[PDB]
file coords10.cif (mmCIF, C-alpha atoms)
data_final
loop_
_atom_site.group_PDB
_atom_site.id
_atom_site.type_symbol
_atom_site.label_atom_id
_atom_site.label_comp_id
_atom_site.auth_asym_id
_atom_site.auth_seq_id
_atom_site.Cartn_x
_atom_site.Cartn_y
_atom_site.Cartn_z
ATOM 1 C CA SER A 1 102.885 120.304 120.152
ATOM 2 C CA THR A 2 102.340 118.404 116.931
ATOM 3 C CA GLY A 3 100.375 118.750 113.709
ATOM 4 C CA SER A 4 99.095 116.240 111.171
ATOM 5 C CA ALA A 5 97.508 117.100 107.819
ATOM 6 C CA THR A 6 96.470 115.067 104.817
ATOM 7 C CA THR A 7 98.022 115.963 101.478
ATOM 8 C CA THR A 8 96.164 115.139 98.255
ATOM 9 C CA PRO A 9 97.340 114.904 94.613
ATOM 10 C CA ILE A 10 95.977 117.735 92.472
ATOM 11 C CA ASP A 11 95.349 115.503 89.462
ATOM 12 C CA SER A 12 95.571 111.968 88.124
ATOM 13 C CA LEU A 13 99.337 112.257 87.467
ATOM 14 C CA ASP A 14 100.365 113.382 90.969
ATOM 15 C CA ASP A 15 101.714 116.593 89.404
ATOM 16 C CA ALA A 16 101.678 118.198 92.849
ATOM 17 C CA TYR A 17 100.029 117.776 96.243
ATOM 18 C CA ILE A 18 97.836 120.187 98.193
ATOM 19 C CA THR A 19 97.406 120.419 101.950
ATOM 20 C CA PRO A 20 94.731 122.526 103.686
ATOM 21 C CA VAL A 21 96.087 125.400 105.779
ATOM 22 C CA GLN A 22 94.120 127.718 108.086
ATOM 23 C CA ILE A 23 95.127 131.390 107.895
ATOM 24 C CA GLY A 24 93.741 134.242 109.956
ATOM 25 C CA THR A 25 90.843 134.797 112.329
ATOM 26 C CA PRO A 26 88.236 133.541 111.642
ATOM 27 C CA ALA A 27 90.094 130.852 109.716
ATOM 28 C CA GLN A 28 90.434 131.118 105.961
ATOM 29 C CA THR A 29 91.328 127.674 104.604
ATOM 30 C CA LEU A 30 93.588 127.641 101.549
ATOM 31 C CA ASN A 31 95.043 124.574 99.835
ATOM 32 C CA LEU A 32 98.810 125.045 99.665
ATOM 33 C CA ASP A 33 101.608 123.190 97.890
ATOM 34 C CA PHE A 34 104.091 122.232 100.619
ATOM 35 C CA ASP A 35 107.516 122.744 99.038
ATOM 36 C CA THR A 36 110.683 121.463 100.723
ATOM 37 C CA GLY A 37 112.626 123.176 97.910
ATOM 38 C CA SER A 38 111.682 126.756 98.801
ATOM 39 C CA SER A 39 111.161 128.935 101.838
ATOM 40 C CA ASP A 40 108.292 131.354 101.183
ATOM 41 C CA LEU A 41 104.693 130.909 102.360
ATOM 42 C CA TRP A 42 102.754 132.840 99.730
ATOM 43 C CA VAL A 43 99.086 132.922 98.833
ATOM 44 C CA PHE A 44 96.645 134.082 96.239
ATOM 45 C CA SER A 45 94.923 137.017 97.878
ATOM 46 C CA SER A 46 92.528 139.928 97.609
ATOM 47 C CA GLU A 47 95.588 141.834 96.300
ATOM 48 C CA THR A 48 96.313 139.466 93.392
ATOM 49 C CA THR A 49 95.857 141.047 89.947
ATOM 50 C CA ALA A 50 92.321 139.982 89.051
ATOM 51 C CA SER A 51 93.174 138.696 85.564
ATOM 52 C CA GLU A 52 95.735 136.343 87.161
ATOM 53 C CA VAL A 53 93.192 134.602 89.408
ATOM 54 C CA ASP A 54 91.224 131.731 87.869
ATOM 55 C CA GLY A 55 89.418 129.621 90.447
ATOM 56 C CA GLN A 56 91.833 129.807 93.382
ATOM 57 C CA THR A 57 90.652 130.503 96.904
ATOM 58 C CA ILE A 58 92.102 133.808 98.098
ATOM 59 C CA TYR A 59 93.307 135.093 101.444
ATOM 60 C CA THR A 60 91.683 138.407 102.366
ATOM 61 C CA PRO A 61 93.729 140.020 105.139
ATOM 62 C CA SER A 62 91.128 142.738 105.752
ATOM 63 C CA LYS A 63 88.743 139.990 106.941
ATOM 64 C CA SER A 64 91.234 138.646 109.492
ATOM 65 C CA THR A 65 91.278 140.246 112.932
ATOM 66 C CA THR A 66 94.819 138.942 113.490
ATOM 67 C CA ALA A 67 96.361 140.126 110.187
ATOM 68 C CA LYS A 68 98.890 142.959 110.285
ATOM 69 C CA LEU A 69 100.733 144.516 107.366
ATOM 70 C CA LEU A 70 104.479 143.921 107.663
ATOM 71 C CA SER A 71 105.206 147.474 106.664
ATOM 72 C CA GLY A 72 107.692 147.970 103.842
ATOM 73 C CA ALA A 73 108.270 144.267 103.243
ATOM 74 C CA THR A 74 108.126 142.859 99.729
ATOM 75 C CA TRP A 75 108.897 139.486 98.182
ATOM 76 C CA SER A 76 109.650 138.076 94.752
ATOM 77 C CA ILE A 77 110.467 134.490 93.844
ATOM 78 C CA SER A 78 111.369 132.514 90.751
ATOM 79 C CA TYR A 79 111.205 128.728 90.681
ATOM 80 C CA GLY A 80 113.149 126.103 88.746
ATOM 81 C CA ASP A 81 110.343 125.625 86.230
ATOM 82 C CA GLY A 82 110.450 129.324 85.329
ATOM 83 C CA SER A 83 107.316 130.256 87.251
ATOM 84 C CA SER A 84 107.250 133.248 89.571
ATOM 85 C CA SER A 85 105.223 135.389 91.957
ATOM 86 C CA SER A 86 105.674 138.549 94.020
ATOM 87 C CA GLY A 87 103.893 140.898 96.372
ATOM 88 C CA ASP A 88 103.799 142.290 99.888
ATOM 89 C CA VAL A 89 103.594 140.717 103.342
ATOM 90 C CA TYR A 90 101.259 140.317 106.305
ATOM 91 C CA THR A 91 101.784 138.538 109.568
ATOM 92 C CA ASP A 92 98.918 136.349 110.724
ATOM 93 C CA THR A 93 98.068 133.151 112.587
ATOM 94 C CA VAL A 94 98.652 130.019 110.516
ATOM 95 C CA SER A 95 97.625 126.491 111.473
ATOM 96 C CA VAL A 96 98.505 123.206 109.790
ATOM 97 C CA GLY A 97 96.849 120.025 110.963
ATOM 98 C CA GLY A 98 96.154 121.482 114.409
ATOM 99 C CA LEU A 99 99.598 123.070 114.861
ATOM 100 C CA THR A 100 99.411 126.844 115.216
ATOM 101 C CA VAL A 101 102.035 129.531 114.620
ATOM 102 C CA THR A 102 101.274 133.130 115.535
ATOM 103 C CA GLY A 103 103.045 135.943 113.706
ATOM 104 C CA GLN A 104 103.790 133.870 110.601
ATOM 105 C CA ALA A 105 104.808 135.849 107.516
ATOM 106 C CA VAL A 106 102.054 135.328 104.943
ATOM 107 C CA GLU A 107 103.270 136.635 101.614
ATOM 108 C CA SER A 108 100.366 138.073 99.650
ATOM 109 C CA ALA A 109 100.708 137.805 95.877
ATOM 110 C CA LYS A 110 100.152 140.893 93.783
ATOM 111 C CA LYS A 111 101.360 139.065 90.652
ATOM 112 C CA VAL A 112 101.674 135.395 89.701
ATOM 113 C CA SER A 113 102.932 133.815 86.489
ATOM 114 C CA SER A 114 100.715 131.901 84.084
ATOM 115 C CA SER A 115 101.525 128.442 85.465
ATOM 116 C CA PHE A 116 100.052 129.476 88.824
ATOM 117 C CA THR A 117 96.976 131.112 87.310
ATOM 118 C CA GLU A 118 96.314 127.996 85.242
ATOM 119 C CA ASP A 119 96.427 125.709 88.257
ATOM 120 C CA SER A 120 93.089 126.409 89.937
ATOM 121 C CA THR A 121 93.758 123.767 92.610
ATOM 122 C CA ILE A 122 96.819 125.462 94.158
ATOM 123 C CA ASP A 123 96.072 128.500 96.337
ATOM 124 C CA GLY A 124 99.742 129.146 97.176
ATOM 125 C CA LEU A 125 102.935 127.549 98.445
ATOM 126 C CA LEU A 126 104.219 126.743 101.920
ATOM 127 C CA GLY A 127 107.990 126.574 101.868
ATOM 128 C CA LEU A 128 109.827 124.060 104.024
ATOM 129 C CA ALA A 129 113.454 124.529 102.940
ATOM 130 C CA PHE A 130 115.814 126.550 105.143
ATOM 131 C CA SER A 131 114.842 130.108 106.017
ATOM 132 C CA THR A 132 118.055 131.449 104.456
ATOM 133 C CA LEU A 133 116.266 131.088 101.083
ATOM 134 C CA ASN A 134 113.289 133.224 102.100
ATOM 135 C CA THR A 135 112.868 136.124 99.670
ATOM 136 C CA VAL A 136 111.266 138.774 101.887
ATOM 137 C CA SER A 137 113.127 142.093 101.815
ATOM 138 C CA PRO A 138 114.455 144.032 103.654
ATOM 139 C CA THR A 139 113.840 141.736 106.634
ATOM 140 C CA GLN A 140 114.069 138.042 105.761
ATOM 141 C CA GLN A 141 111.329 135.893 107.283
ATOM 142 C CA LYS A 142 111.165 132.421 108.766
ATOM 143 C CA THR A 143 109.337 129.399 107.435
ATOM 144 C CA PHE A 144 106.345 127.891 109.177
ATOM 145 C CA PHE A 145 108.555 125.005 110.326
ATOM 146 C CA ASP A 146 111.249 127.277 111.698
ATOM 147 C CA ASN A 147 108.667 129.289 113.612
ATOM 148 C CA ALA A 148 106.988 126.132 114.961
ATOM 149 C CA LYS A 149 110.177 124.282 115.829
ATOM 150 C CA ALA A 150 110.663 125.366 119.434
ATOM 151 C CA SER A 151 107.092 124.337 120.287
ATOM 152 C CA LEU A 152 107.281 120.924 118.611
ATOM 153 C CA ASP A 153 107.663 117.718 120.610
ATOM 154 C CA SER A 154 110.589 116.874 118.291
ATOM 155 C CA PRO A 155 112.162 119.270 115.744
ATOM 156 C CA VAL A 156 111.034 117.309 112.703
ATOM 157 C CA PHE A 157 108.467 117.056 109.987
ATOM 158 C CA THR A 158 107.714 114.057 107.793
ATOM 159 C CA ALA A 159 106.493 113.671 104.223
ATOM 160 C CA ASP A 160 104.464 110.584 103.361
ATOM 161 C CA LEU A 161 103.257 111.219 99.807
ATOM 162 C CA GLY A 162 100.866 108.827 98.104
ATOM 163 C CA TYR A 163 100.987 107.313 94.646
ATOM 164 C CA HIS A 164 97.650 108.292 93.090
ATOM 165 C CA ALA A 165 96.336 108.593 96.651
ATOM 166 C CA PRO A 166 96.338 110.930 99.645
ATOM 167 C CA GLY A 167 99.219 110.990 102.107
ATOM 168 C CA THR A 168 100.314 112.914 105.172
ATOM 169 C CA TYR A 169 102.557 115.717 106.428
ATOM 170 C CA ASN A 170 103.265 115.424 110.157
ATOM 171 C CA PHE A 171 104.995 118.021 112.326
ATOM 172 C CA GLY A 172 106.745 117.275 115.584
ATOM 173 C CA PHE A 173 106.584 113.467 115.650
ATOM 174 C CA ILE A 174 107.478 110.347 113.710
ATOM 175 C CA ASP A 175 104.485 108.027 113.137
ATOM 176 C CA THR A 176 106.052 104.611 113.629
ATOM 177 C CA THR A 177 102.981 102.973 112.042
ATOM 178 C CA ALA A 178 103.518 104.791 108.732
ATOM 179 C CA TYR A 179 106.606 102.912 107.521
ATOM 180 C CA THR A 180 108.085 99.437 107.402
ATOM 181 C CA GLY A 181 111.489 98.353 108.667
ATOM 182 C CA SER A 182 113.847 101.010 109.995
ATOM 183 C CA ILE A 183 114.579 104.622 109.059
ATOM 184 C CA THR A 184 118.026 105.274 107.585
ATOM 185 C CA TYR A 185 119.365 108.745 108.293
ATOM 186 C CA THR A 186 121.859 110.551 106.087
ATOM 187 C CA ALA A 187 123.765 113.842 106.349
ATOM 188 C CA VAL A 188 122.383 117.136 105.073
ATOM 189 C CA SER A 189 124.240 120.171 103.784
ATOM 190 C CA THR A 190 122.377 123.438 104.302
ATOM 191 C CA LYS A 191 124.974 125.420 102.341
ATOM 192 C CA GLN A 192 122.591 126.106 99.444
ATOM 193 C CA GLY A 193 119.518 126.379 101.699
ATOM 194 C CA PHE A 194 118.095 123.032 100.620
ATOM 195 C CA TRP A 195 117.636 119.608 102.153
ATOM 196 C CA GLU A 196 120.723 118.531 100.237
ATOM 197 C CA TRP A 197 122.097 115.025 100.696
ATOM 198 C CA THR A 198 124.163 112.378 98.881
ATOM 199 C CA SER A 199 122.622 109.167 97.595
ATOM 200 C CA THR A 200 124.968 106.175 97.582
ATOM 201 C CA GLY A 201 123.945 104.869 94.148
ATOM 202 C CA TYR A 202 121.265 103.298 92.021
ATOM 203 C CA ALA A 203 119.950 100.239 90.231
ATOM 204 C CA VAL A 204 117.691 99.857 87.199
ATOM 205 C CA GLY A 205 115.061 97.145 87.478
ATOM 206 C CA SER A 206 116.568 93.883 88.682
ATOM 207 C CA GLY A 207 120.052 95.054 87.700
ATOM 208 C CA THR A 208 123.110 95.246 89.894
ATOM 209 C CA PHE A 209 123.469 98.235 92.204
ATOM 210 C CA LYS A 210 125.972 100.868 91.071
ATOM 211 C CA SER A 211 127.778 102.468 93.988
ATOM 212 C CA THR A 212 128.224 106.128 93.143
ATOM 213 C CA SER A 213 127.686 109.375 95.054
ATOM 214 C CA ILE A 214 124.774 111.479 93.788
ATOM 215 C CA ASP A 215 124.344 114.832 95.517
ATOM 216 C CA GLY A 216 120.801 116.162 95.294
ATOM 217 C CA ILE A 217 117.901 117.791 97.100
ATOM 218 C CA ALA A 218 114.761 116.340 98.635
ATOM 219 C CA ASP A 219 112.120 118.541 96.985
ATOM 220 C CA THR A 220 108.414 117.893 97.512
ATOM 221 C CA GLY A 221 107.635 120.814 95.193
ATOM 222 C CA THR A 222 109.204 119.170 92.125
ATOM 223 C CA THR A 223 107.142 116.484 90.380
ATOM 224 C CA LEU A 224 109.859 114.348 88.791
ATOM 225 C CA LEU A 225 113.198 112.731 89.605
ATOM 226 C CA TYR A 226 116.090 114.639 87.968
ATOM 227 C CA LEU A 227 119.423 112.811 87.934
ATOM 228 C CA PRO A 228 122.737 112.932 86.039
ATOM 229 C CA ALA A 229 122.550 112.180 82.331
ATOM 230 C CA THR A 230 124.617 109.004 82.736
ATOM 231 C CA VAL A 231 122.134 107.550 85.253
ATOM 232 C CA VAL A 232 119.068 108.581 83.263
ATOM 233 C CA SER A 233 120.475 107.139 80.031
ATOM 234 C CA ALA A 234 121.138 103.823 81.810
ATOM 235 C CA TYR A 235 117.523 103.743 82.981
ATOM 236 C CA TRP A 236 115.844 104.549 79.665
ATOM 237 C CA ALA A 237 118.139 102.199 77.741
ATOM 238 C CA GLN A 238 116.143 99.407 79.405
ATOM 239 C CA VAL A 239 112.871 100.570 77.821
ATOM 240 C CA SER A 240 112.340 99.578 74.173
ATOM 241 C CA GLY A 241 111.677 102.641 72.072
ATOM 242 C CA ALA A 242 112.502 105.214 74.752
ATOM 243 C CA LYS A 243 114.365 108.300 73.597
ATOM 244 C CA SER A 244 115.148 111.842 74.559
ATOM 245 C CA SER A 245 113.051 114.278 72.567
ATOM 246 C CA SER A 246 114.179 117.897 72.361
ATOM 247 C CA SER A 247 110.771 118.817 70.911
ATOM 248 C CA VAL A 248 108.931 117.367 73.916
ATOM 249 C CA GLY A 249 111.541 118.413 76.486
ATOM 250 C CA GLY A 250 112.834 115.114 77.830
ATOM 251 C CA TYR A 251 112.667 111.353 77.715
ATOM 252 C CA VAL A 252 109.558 109.807 76.228
ATOM 253 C CA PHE A 253 108.658 106.158 75.848
ATOM 254 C CA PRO A 254 105.998 104.059 74.124
ATOM 255 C CA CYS A 255 102.793 104.041 76.146
ATOM 256 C CA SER A 256 102.697 100.265 75.515
ATOM 257 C CA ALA A 257 105.825 99.755 77.651
ATOM 258 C CA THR A 258 106.122 98.172 81.060
ATOM 259 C CA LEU A 259 108.639 100.341 82.935
ATOM 260 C CA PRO A 260 111.361 98.901 85.162
ATOM 261 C CA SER A 261 111.692 100.002 88.751
ATOM 262 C CA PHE A 262 114.455 102.371 89.855
ATOM 263 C CA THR A 263 116.340 101.938 93.133
ATOM 264 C CA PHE A 264 118.265 104.671 94.931
ATOM 265 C CA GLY A 265 120.648 104.259 97.847
ATOM 266 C CA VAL A 266 120.384 105.905 101.243
ATOM 267 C CA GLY A 267 123.522 104.806 103.036
ATOM 268 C CA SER A 268 123.388 101.005 102.965
ATOM 269 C CA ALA A 269 119.600 101.098 102.557
ATOM 270 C CA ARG A 270 117.685 100.992 99.293
ATOM 271 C CA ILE A 271 114.443 102.702 98.234
ATOM 272 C CA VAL A 272 112.657 101.122 95.273
ATOM 273 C CA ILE A 273 110.541 103.288 92.993
ATOM 274 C CA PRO A 274 108.068 101.006 91.165
ATOM 275 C CA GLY A 275 107.993 101.349 87.381
ATOM 276 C CA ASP A 276 104.416 102.622 87.446
ATOM 277 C CA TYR A 277 105.536 105.672 89.449
ATOM 278 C CA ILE A 278 107.742 106.664 86.493
ATOM 279 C CA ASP A 279 104.814 106.839 84.025
ATOM 280 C CA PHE A 280 103.539 110.375 83.468
ATOM 281 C CA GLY A 281 101.183 109.425 80.703
ATOM 282 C CA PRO A 282 100.618 110.652 77.175
ATOM 283 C CA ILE A 283 102.600 113.725 76.157
ATOM 284 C CA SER A 284 99.383 115.206 74.767
ATOM 285 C CA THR A 285 95.861 113.924 74.995
ATOM 286 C CA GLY A 286 95.457 110.672 73.066
ATOM 287 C CA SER A 287 99.132 110.307 72.158
ATOM 288 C CA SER A 288 100.859 106.923 72.251
ATOM 289 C CA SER A 289 104.083 108.637 73.370
ATOM 290 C CA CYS A 290 104.316 108.838 77.153
ATOM 291 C CA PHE A 291 106.417 111.182 79.293
ATOM 292 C CA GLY A 292 109.037 109.758 81.618
ATOM 293 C CA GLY A 293 109.227 110.427 85.329
ATOM 294 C CA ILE A 294 113.037 110.206 85.453
ATOM 295 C CA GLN A 295 114.703 113.043 83.554
ATOM 296 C CA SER A 296 118.186 114.489 83.187
ATOM 297 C CA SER A 297 119.327 117.200 85.572
ATOM 298 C CA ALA A 298 121.927 118.402 83.063
ATOM 299 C CA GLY A 299 121.531 122.151 82.797
ATOM 300 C CA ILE A 300 119.466 122.445 85.996
ATOM 301 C CA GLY A 301 122.675 122.538 87.970
ATOM 302 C CA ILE A 302 121.390 120.259 90.733
ATOM 303 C CA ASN A 303 119.946 116.780 91.063
ATOM 304 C CA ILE A 304 116.392 116.728 92.411
ATOM 305 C CA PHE A 305 114.722 113.928 94.341
ATOM 306 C CA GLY A 306 111.222 115.131 93.568
ATOM 307 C CA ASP A 307 107.859 113.519 94.206
ATOM 308 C CA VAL A 308 108.547 110.461 91.994
ATOM 309 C CA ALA A 309 111.297 109.466 94.422
ATOM 310 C CA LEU A 310 109.907 110.793 97.682
ATOM 311 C CA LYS A 311 106.501 109.132 97.333
ATOM 312 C CA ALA A 312 108.229 105.734 97.359
ATOM 313 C CA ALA A 313 109.402 106.442 100.926
ATOM 314 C CA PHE A 314 108.490 107.729 104.339
ATOM 315 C CA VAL A 315 110.798 110.775 104.618
ATOM 316 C CA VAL A 316 111.945 112.475 107.816
ATOM 317 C CA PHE A 317 113.119 116.074 107.599
ATOM 318 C CA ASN A 318 115.086 116.385 110.829
ATOM 319 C CA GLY A 319 115.580 120.032 111.748
ATOM 320 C CA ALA A 320 117.655 119.425 114.854
ATOM 321 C CA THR A 321 120.761 121.565 115.377
ATOM 322 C CA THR A 322 122.552 119.250 112.950
ATOM 323 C CA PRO A 323 119.890 118.556 110.295
ATOM 324 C CA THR A 324 119.579 115.143 108.681
ATOM 325 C CA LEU A 325 117.200 113.309 106.343
ATOM 326 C CA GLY A 326 115.678 109.916 107.045
ATOM 327 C CA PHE A 327 114.211 107.458 104.568
ATOM 328 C CA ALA A 328 112.184 104.315 105.211
ATOM 329 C CA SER A 329 110.280 101.988 102.941
ATOM 330 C CA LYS A 330 106.514 101.870 103.412
#
call {"tool": "encode", "arguments": {"input": "coords10.cif", "output": "structure tokens"}}
result
Amino acid sequence: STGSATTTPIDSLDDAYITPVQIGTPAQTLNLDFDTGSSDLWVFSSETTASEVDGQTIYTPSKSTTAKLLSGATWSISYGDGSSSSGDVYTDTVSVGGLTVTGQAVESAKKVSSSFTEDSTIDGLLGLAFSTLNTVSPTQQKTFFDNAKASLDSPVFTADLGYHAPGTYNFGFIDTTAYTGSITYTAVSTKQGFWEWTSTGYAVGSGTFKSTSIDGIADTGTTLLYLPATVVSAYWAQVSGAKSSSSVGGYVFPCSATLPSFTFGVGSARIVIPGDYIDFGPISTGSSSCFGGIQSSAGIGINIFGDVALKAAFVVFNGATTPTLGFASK
């Protein structure tokens, strides 16, 4: 089997991407944030504290003939941005882009933090990291991908995120029309439960490539590119007037600037992030200070190849017995 679903930016900054997902019988379609940095499929629901719902579409298990309470199971998750959610668990039929899993754990939110409430466009998350990170207790649950894997034509999914445009998540096949050149594969460590890999270096604009190992995670659920302070300083030093602002929470630059590209290494291959992808616009409405899309990972504890980086590539998440990550230009 295979699946193919379009993923769409939630706003004009590509802050996140939503993908329609069918849950239950008859289908209830919710727009979920596919997150390769976590491993819980959770939804706004008929159980979510009413004051914490503001425009989201909810899953109502009592209206699904295939829903079953997973008795005694609870979940609770905290994300890198400080947001959180928790609740109880149902199993139900879940389909993505024509690919169906029966008995998927669907984590129903009883509580969500303010960031989730305030984002009316995101009805929940669909985790695509390794199932060892799943938070369901006392019986840990599998991700949609892990459940689907045995049925897939090939044990893979791909992320093809757009810049200010829709893109695609495919399951079970590699669309050879969706990228240019060849795919370069690189080793993954699953030790922390992430799609963790090591970039071979970077360049700023038309500058020389610096060969240096940068361990980080491929995380579709993080907006920006978070890299070591040395690398980030080298980038922003090439932008007149750019500076790190503790009041704003990162690097800012004059909105009048033209940003240089940023290149990262994948083995001997190179992925180029155009300068425009690094512009996250005014820090506040009407400001002439703009927020940068490359930020320091210092104090996160991990480097994160978020959407800014991933959307510059066609990315293969290879979940074979020895997992790997593939990157191609597009």
call {"tool": "resolve_selection", "arguments": {"input": "coords10.cif", "expression": "the PyMOL selection byres ((chain A and resi 283) around 12)", "output": "ChimeraX atom specification"}}
result
/A:13,245,247-255,279-282,284-293
call {"tool": "resolve_selection", "arguments": {"input": "coords10.cif", "expression": "the PyMOL selection byres ((chain A and resi 3-10) around 9)", "output": "ChimeraX atom specification"}}
result
/A:1-2,11-21,33-34,95-100,121-122,152,160-173
call {"tool": "resolve_selection", "arguments": {"input": "coords10.cif", "expression": "the PyMOL selection byres ((chain A and resi 193) around 6)", "output": "VMD selection string"}}
result
chain A and resid 130 132 to 133 190 to 192 194
call {"tool": "residues_near_point", "arguments": {"input": "coords10.cif", "point": "(120.9, 118.3, 86.8)", "cutoff": "9 Å", "atoms": "all atoms listed in the file", "output": "list in words"}}
result
residues 216, 226, 227, 228, 229, 295, 296, 297, 298, 299, 300, 301, 302, 303 and 304 of chain A
call {"tool": "residues_around", "arguments": {"input": "coords10.cif", "residues": "residue A:26", "least_positions_apart": "4", "cutoff": "12 Å", "atoms": "all atoms listed in the file", "output": "PDB file with C-alpha atoms, keeping the file's coordinate frame"}}
result
ATOM      1  CA  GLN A  22      94.120 127.718 108.086  1.00  0.00           C
ATOM      2  CA  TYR A  59      93.307 135.093 101.444  1.00  0.00           C
ATOM      3  CA  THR A  60      91.683 138.407 102.366  1.00  0.00           C
ATOM      4  CA  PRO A  61      93.729 140.020 105.139  1.00  0.00           C
ATOM      5  CA  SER A  62      91.128 142.738 105.752  1.00  0.00           C
ATOM      6  CA  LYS A  63      88.743 139.990 106.941  1.00  0.00           C
ATOM      7  CA  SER A  64      91.234 138.646 109.492  1.00  0.00           C
ATOM      8  CA  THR A  65      91.278 140.246 112.932  1.00  0.00           C
ATOM      9  CA  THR A  66      94.819 138.942 113.490  1.00  0.00           C
ATOM     10  CA  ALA A  67      96.361 140.126 110.187  1.00  0.00           C
ATOM     11  CA  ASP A  92      98.918 136.349 110.724  1.00  0.00           C
ATOM     12  CA  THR A  93      98.068 133.151 112.587  1.00  0.00           C
ATOM     13  CA  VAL A  94      98.652 130.019 110.516  1.00  0.00           C
ATOM     14  CA  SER A  95      97.625 126.491 111.473  1.00  0.00           C
TER      15      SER A  95
END
call {"tool": "residues_around", "arguments": {"input": "coords10.cif", "residues": "stretch 219-223 of chain A", "least_positions_apart": "2", "cutoff": "6 Å", "atoms": "only C-alpha atoms", "output": "PDB file with C-alpha atoms, in the frame of the given file"}}
result
ATOM      1  CA  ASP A  15     101.714 116.593  89.404  1.00  0.00           C
ATOM      2  CA  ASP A  35     107.516 122.744  99.038  1.00  0.00           C
ATOM      3  CA  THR A  36     110.683 121.463 100.723  1.00  0.00           C
ATOM      4  CA  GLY A  37     112.626 123.176  97.910  1.00  0.00           C
ATOM      5  CA  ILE A 217     117.901 117.791  97.100  1.00  0.00           C
ATOM      6  CA  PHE A 305     114.722 113.928  94.341  1.00  0.00           C
ATOM      7  CA  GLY A 306     111.222 115.131  93.568  1.00  0.00           C
ATOM      8  CA  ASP A 307     107.859 113.519  94.206  1.00  0.00           C
TER       9      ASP A 307
END
call {"tool": "closest_atom_pairs", "arguments": {"input": "coords10.cif", "of": "stretch 181-269 of chain A", "to": "stretch 313-329 of chain A", "cutoff": "12 Å", "atoms": "all atoms listed in the file", "output": "CSV"}}
result
residue,atom,partner,partner_atom,distance
A:181,CA,A:329,CA,6.9
A:182,CA,A:328,CA,6.0
A:183,CA,A:328,CA,4.5
A:184,CA,A:326,CA,5.2
A:185,CA,A:326,CA,4.1
A:186,CA,A:325,CA,5.4
A:187,CA,A:324,CA,5.0
A:188,CA,A:324,CA,5.0
A:189,CA,A:323,CA,8.0
A:190,CA,A:323,CA,8.1
A:191,CA,A:323,CA,11.7
A:193,CA,A:323,CA,11.6
A:194,CA,A:323,CA,10.8
A:195,CA,A:325,CA,7.6
A:196,CA,A:325,CA,8.8
A:197,CA,A:325,CA,7.7
A:198,CA,A:325,CA,10.2
A:199,CA,A:327,CA,11.1
A:216,CA,A:325,CA,12.0
A:217,CA,A:325,CA,10.3
A:218,CA,A:325,CA,8.6
A:219,CA,A:317,CA,10.9
A:220,CA,A:315,CA,10.3
A:263,CA,A:313,CA,11.4
A:264,CA,A:327,CA,10.8
A:265,CA,A:327,CA,9.8
A:266,CA,A:327,CA,7.2
A:267,CA,A:327,CA,9.8
A:268,CA,A:327,CA,11.3
A:269,CA,A:328,CA,8.5
call {"tool": "decode", "arguments": {"input": "coords10.cif", "residues": "stretch 55-87 of chain A", "atoms": "C-alpha atoms", "output": "mmCIF file, in the first residue's frame"}}
result
data_model
loop_
_atom_site.group_PDB
_atom_site.id
_atom_site.type_symbol
_atom_site.label_atom_id
_atom_site.label_comp_id
_atom_site.auth_asym_id
_atom_site.auth_seq_id
_atom_site.Cartn_x
_atom_site.Cartn_y
_atom_site.Cartn_z
ATOM 1 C CA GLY A 55 -12.030 27.253 16.222
ATOM 2 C CA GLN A 56 -10.423 23.817 15.913
ATOM 3 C CA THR A 57 -12.266 20.872 14.424
ATOM 4 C CA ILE A 58 -12.736 18.195 17.081
ATOM 5 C CA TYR A 59 -12.759 14.414 17.026
ATOM 6 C CA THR A 60 -15.870 12.984 18.684
ATOM 7 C CA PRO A 61 -15.238 9.315 19.468
ATOM 8 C CA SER A 62 -18.872 8.685 20.427
ATOM 9 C CA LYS A 63 -19.808 9.386 16.781
ATOM 10 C CA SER A 64 -17.356 6.795 15.440
ATOM 11 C CA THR A 65 -18.551 3.204 15.170
ATOM 12 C CA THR A 66 -14.931 2.004 15.161
ATOM 13 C CA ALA A 67 -13.696 3.982 18.204
ATOM 14 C CA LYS A 68 -12.852 2.075 21.379
ATOM 15 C CA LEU A 69 -11.585 3.486 24.657
ATOM 16 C CA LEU A 70 -8.087 2.200 25.417
ATOM 17 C CA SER A 71 -9.002 1.598 29.016
ATOM 18 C CA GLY A 72 -6.685 3.083 31.627
ATOM 19 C CA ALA A 73 -4.344 4.710 29.121
ATOM 20 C CA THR A 74 -3.317 8.332 29.545
ATOM 21 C CA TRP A 75 -0.835 10.611 27.811
ATOM 22 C CA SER A 76 0.962 13.864 28.524
ATOM 23 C CA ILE A 77 3.498 15.643 26.342
ATOM 24 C CA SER A 78 5.646 18.749 26.497
ATOM 25 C CA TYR A 79 7.307 20.185 23.408
ATOM 26 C CA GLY A 80 10.509 22.158 22.890
ATOM 27 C CA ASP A 81 8.643 25.456 22.626
ATOM 28 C CA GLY A 82 7.106 24.921 26.071
ATOM 29 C CA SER A 83 3.674 23.942 24.788
ATOM 30 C CA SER A 84 1.878 20.885 26.117
ATOM 31 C CA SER A 85 -1.229 18.712 26.007
ATOM 32 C CA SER A 86 -2.619 15.651 27.780
ATOM 33 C CA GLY A 87 -5.605 13.354 27.943
#
